[PDB]
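First comes the structure, then the notes that go with it.
There are 2 protein chains.
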Amino acid sequence: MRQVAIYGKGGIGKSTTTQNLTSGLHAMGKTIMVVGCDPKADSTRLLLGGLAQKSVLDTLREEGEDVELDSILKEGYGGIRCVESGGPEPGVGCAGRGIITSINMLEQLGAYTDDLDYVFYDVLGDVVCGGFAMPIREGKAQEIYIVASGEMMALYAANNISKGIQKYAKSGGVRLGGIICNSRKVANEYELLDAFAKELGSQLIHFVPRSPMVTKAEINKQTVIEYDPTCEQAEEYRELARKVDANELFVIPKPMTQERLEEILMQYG
Amino acid sequence: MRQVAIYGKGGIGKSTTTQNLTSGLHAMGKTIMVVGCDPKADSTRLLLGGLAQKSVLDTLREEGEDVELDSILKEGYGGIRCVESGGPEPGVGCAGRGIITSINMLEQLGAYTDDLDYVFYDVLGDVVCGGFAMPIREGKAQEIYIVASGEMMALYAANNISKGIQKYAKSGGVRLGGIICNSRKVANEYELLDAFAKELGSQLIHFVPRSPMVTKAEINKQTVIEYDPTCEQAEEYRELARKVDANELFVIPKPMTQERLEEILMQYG
Ligand code: SF4
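Residue numbers (our numbering), protein chains in the order written: chain U, 1 to 269; chain Z, 1 to 269.
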């Protein structure tokens, strides 16, 4: 079973990419589980159709000790099994800690079934603290893909995420499978991202194009593959899916200095 | 001395407003100290004329134990004392721990002097966790201002931040002083920001407009008052300052429901 995690700054469509990627993997005959660990994004909404399914932390406080799997895991588009961690008690508590609670409650309720081809953790990368690195540090996530756009703050976060990955790439076997560009503009910043990823010693595994369809599917609470399998954008996601599935490039990333960041920005951005 | 914290999500210029606000109070003969607690932007880079001061954490790493106050606190614009707590070691440290370390050092090095009119903690609003609630939790900050814009994610963060505020108001002196709008070109933004702040039991203390004045000053790494004092945007900040200094509305905020917020973003465009 591939235990993948998608990290990246908020505000750049990271959860939408993660969800769309799974439909692409489903289009390949894959059995997949998705676990949202992003208190700022609905991680399974495009897969379950507008249903902001109830979180694990929320189910506990009501289903208490007798919680049943089917309450926390809902089957979405194409059979993709969907779950949501739920955030930290506002102002107290640790998101990282609650992502741990949920994951352990999943194993405990036997959610990690031998038919799983994939499990994805959609993790917020705004704060790259020990709380958000929980899935990597605990061995839950071995293969990470970072989502970034050709903007400084998304590149900075990606670099930072790689710093955290790097620290665990040793004791554990977590590695970076690649960077995914979520084009946020008409300016195809393919070259910046490609340079940024190669500099880490990784690769731009796929460049997700700016499309007005992502927005339609989204309004309609669906992934582009559920909403309209025939468009170009649908093929984009199928292509991202196949490259992740076929991927053999797994590395201990080499973070860059801020200065190096700036140089890449100038030379390729 | 007024102990204020400025919370808000990143990506909407919260730190630029913090620095610009202090500038205004400087204009009022106010003696001020700024403590950056936000991994996202440089909370003092505009006060220090574009100077990226080392952080408390960097510094301690460097200067070790023998930490000098003058190394960590730098006087910038009009005498404003600047300090940056430094972010967490990527993948390991909790953002809160560093905040507490820094505040203790400042206290230990006698930075909390009698001549202080204000101390501001510029804090990240992306995750309303205990790590980020450290200035509040440690008692340090009793007066809160949340920076938001018409964007939905900004209002959600603001609402989420108010939950954390309320967790401590009812037992600590912590109160919400108001909502500050960093305008993001939103149709009917003002009426919307005012209904939101009102919904919480608070007020839209000031609407900061977008102007090419801010983008210029930050290319040079200055605050606007500093740039052209005669300038409406610099005057915008002076008004912001006199409105905060004279403020008398300080409340235990009433977080609204997700449905209550979506209603408002429906009713207000
Ligand atoms: S480790 Fe991170 S999520 Fe946990 S309390 Fe600290 S800053 Fe917050």
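Ideal Cβ placement from N, Cα and C applies to all residues, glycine included.
{"query": "Under 8 Å: do the region 245–261 of chain U and the region 172–179 of chain U share three or more Cβ pairs, one atom per stretch?", "result": "yes"}
{"query": "Does the structure place the region 18–27 of chain U close enough to the region 37–47 of chain U that three or more beta carbon pairs sit under 8 Å?", "result": "yes"}
{"query": "Who are the neighbours of U:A95 on chain Z, taking C-beta pairs under 8 Å?", "result": "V127 and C129"}
{"query": "Start and end of the alpha helix (DSSP H) containing Z:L249?", "result": "Careful: Z:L249 lies outside any alpha helix (DSSP H) and carries neither H nor E."}
{"query": "What first and last residue would you give for the alpha helix (DSSP H) that runs through U:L192?", "result": "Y190 to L200"}
{"query": "Please list the segments of the alpha helix (DSSP H) lying wholly inside the region 97–128 of chain Z, counting only runs of 4 or more residues, in order along the chain.", "result": "none"}
{"query": "Ignore the nearest five residues each way along the sequence and tell me which others in Z:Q233's own chain have a CB closer than 7 Å to its CB.", "result": "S211, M213, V214 and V224"}
{"query": "For U:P88, go through chain Z and note every residue whose CB falls closer than 8 Å to its CB, in chain order.", "result": "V127, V128, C129 and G130"}
{"query": "Kindly indicate which three-state DSSP category U:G130 falls into: helix, strand or coil?", "result": "coil"}
{"query": "Cβ of Z:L155 within 8 Å of Cβ of Z:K40?", "result": "no"}
{"query": "Nearer than 7 Å: is that true of the beta carbon of U:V123 relative to any heavy atom of the ligand SF4?", "result": "no"}
{"query": "Looking at C-beta atoms only, is the number of pairs between the region 110–124 of chain Z and the region 55–68 of chain Z that lie closer than 8 Å three or more?", "result": "no"}
{"query": "Tell me whether the region 86–95 of chain U and the region 131–149 of chain Z touch, counting them as touching only if at least three CB pairs, one residue from each stretch, are closer than 8 Å.", "result": "yes"}
{"query": "Determine the direct distance from the alpha carbon of Z:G139 to that of Z:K170, and round the result to whole angstroms.", "result": "13 Å"}
{"query": "Could you please tell me which residues of the region 23–41 of chain U, in chain order, have their CB closer than 9 Å to any CB of chain Z?", "result": "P39 and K40"}
{"query": "Any heavy atom of the ligand SF4 closer than 7 Å to the CB of U:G24?", "result": "no"}
{"query": "Does the beta carbon of U:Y121 come closer than 8 Å to any beta carbon on chain Z?", "result": "no"}
{"query": "Would Z:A141 and Z:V4 qualify as a contact pair, given that the criterion is a beta-carbon distance under 8 Å?", "result": "yes"}
{"query": "Going by DSSP in three states, Z:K163 sits in which element: helix, strand or coil?", "result": "helix"}
{"query": "Are the C-beta of U:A234 and some C-beta of chain Z separated by less than 8 Å?", "result": "no"}
{"query": "Short of 6 Å in beta carbon distance, which residues of its chain neighbour U:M1, apart from the five on each side in sequence? Order them along the chain.", "result": "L116"}
{"query": "Skipping 5 residues on each side, what residues in its chain have a beta carbon closer than 6 Å to that of Z:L240?", "result": "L21, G24 and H206"}
{"query": "Beta-carbon within less than 6 Å of U:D194's beta-carbon, same chain only, minus the 5 sequence neighbours each way: which residues are those?", "result": "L204"}
{"query": "Suppose you measure from the CA of Z:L51 to the CA of Z:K30; what does that come to, to the nearest Å?", "result": "22 Å"}
{"query": "Taking DSSP's pairing of strands, which residues face U:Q3 in a bridge?", "result": "U:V119"}
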